[PDB]
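The opening position of the sequence shown corresponds to residue 7 in mature numbering (1 follows the signal peptide of the UniProt record, and there is no 0), with each subsequent residue numbered one higher.
Only one structure is covered here, and it is reproduced in the block below.
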Amino acid sequence: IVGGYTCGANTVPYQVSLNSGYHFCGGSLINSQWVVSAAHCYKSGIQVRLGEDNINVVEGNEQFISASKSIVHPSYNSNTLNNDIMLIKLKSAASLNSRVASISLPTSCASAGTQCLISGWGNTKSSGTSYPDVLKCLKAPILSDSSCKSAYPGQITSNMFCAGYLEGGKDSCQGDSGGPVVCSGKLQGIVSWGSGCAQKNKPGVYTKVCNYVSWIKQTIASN
Ligand SMILES: [Ca+2]
Numbered sequence: 007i008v009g010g011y012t013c014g015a016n017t018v019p020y021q022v023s024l025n026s027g028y029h030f031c032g033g034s035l036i037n038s039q040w041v042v043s044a045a046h047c048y049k050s051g052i053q054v055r056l057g058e059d060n061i062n063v064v065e066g067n068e069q070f071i072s073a074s075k076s077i078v079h080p081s082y083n084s085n086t087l088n089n090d091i092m093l094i095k096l097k098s099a100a101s102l103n104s105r106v107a108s109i110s111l112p113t114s115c116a117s118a119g120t121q122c123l124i125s126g127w128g129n130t131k132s133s134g135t136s137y138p139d140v141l142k143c144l145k146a147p148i149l150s151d152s153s154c155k156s157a158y159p160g161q162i163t164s165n166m167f168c169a170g171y172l173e174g175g176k177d178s179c180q181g182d183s184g185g186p187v188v189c190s191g192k193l194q195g196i197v198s199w200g201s202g203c204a205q206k207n208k209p210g211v212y213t214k215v216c217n218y219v220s221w222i223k224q225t226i227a228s229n
């Protein structure tokens, strides 16, 4: 997160870290046994870390659970990042408490102008490199589809939306991938892509979660 703020320990209790020997992507806990992330975050050997604040210090509220299965969306296109969504099933159920909690899936899609909360442990610089130890947060609005399409002509599908600031300075970044965009108490987006981070006229592009709720519910009910 570029231009964000320190969230505060466990104030984003649905945020997870995906770890393959090192933090590499974010995700969101949607019930005791399932996490949603980005399909471009796929790898083998995922451990899901819940209840994290400082990802480099064991502070006492963590739960570390290995993934039993990953399921990339059937229509994921790694070239265009269309359908950039994946489900991760935990080998055992997390214990839900005040520091580890699930986020609701949307019943209705979110609207332009809504302010959302984006969070993660990704890069905090626009062209330099600095990765934080503690979770960072960003408030950012959903942009109109016409502005999104103007920023990235020929690149935006109906499964994507833009959020952020056309003037630049505030955005998600590498390492935040897979993490949440929460609007009005619902998981509406997944950190997906962008040209650089926090560049002028290049806002963040997010997987539109409300298009996937049927697939998520059916997949959970079957695995
Ligand atoms: Ca920790």
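Even for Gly, the Cβ is constructed at its ideal location relative to N, Cα and C.
Put simply, of 209, 189, 49 the residue whose alpha carbon is nearest the alpha carbon of residue 198 is 209. Annotation for residue 25 indicates a beta carbon at 8 Å or more from all heavy atoms of ligand 1.
Approximately 7 Å separates the beta-carbon atoms of residue 229 and residue 75; this is inside 8 Å, confirming the contact.
Rounded to whole angstroms, the gap between the alpha carbons of residue 36 and residue 29 is 20 Å. Within the segment 67-114, complete alpha helix (DSSP H) segments of at least 4 residues are not found at all.
Short note on residue 71: C-beta not closer than 8 Å to any heavy atom of ligand 1.
No Cβ-Cβ contact shorter than 9 Å links residue 31 with residue 202. In this structure, ligand 1 has a non-hydrogen atom nearer than 8 Å to the beta-carbon of residue 58. Residue environment: residue 8 is assigned as buried (16 or more neighbouring CB atoms within 10 Å of its CB, all protein chains considered).
Distances from the CB of residue 78 to the heavy atoms of ligand 1 are all 8 Å or more. With 16 or more neighbouring CB atoms inside 10 Å of its own CB, residue 186 falls in the buried class.
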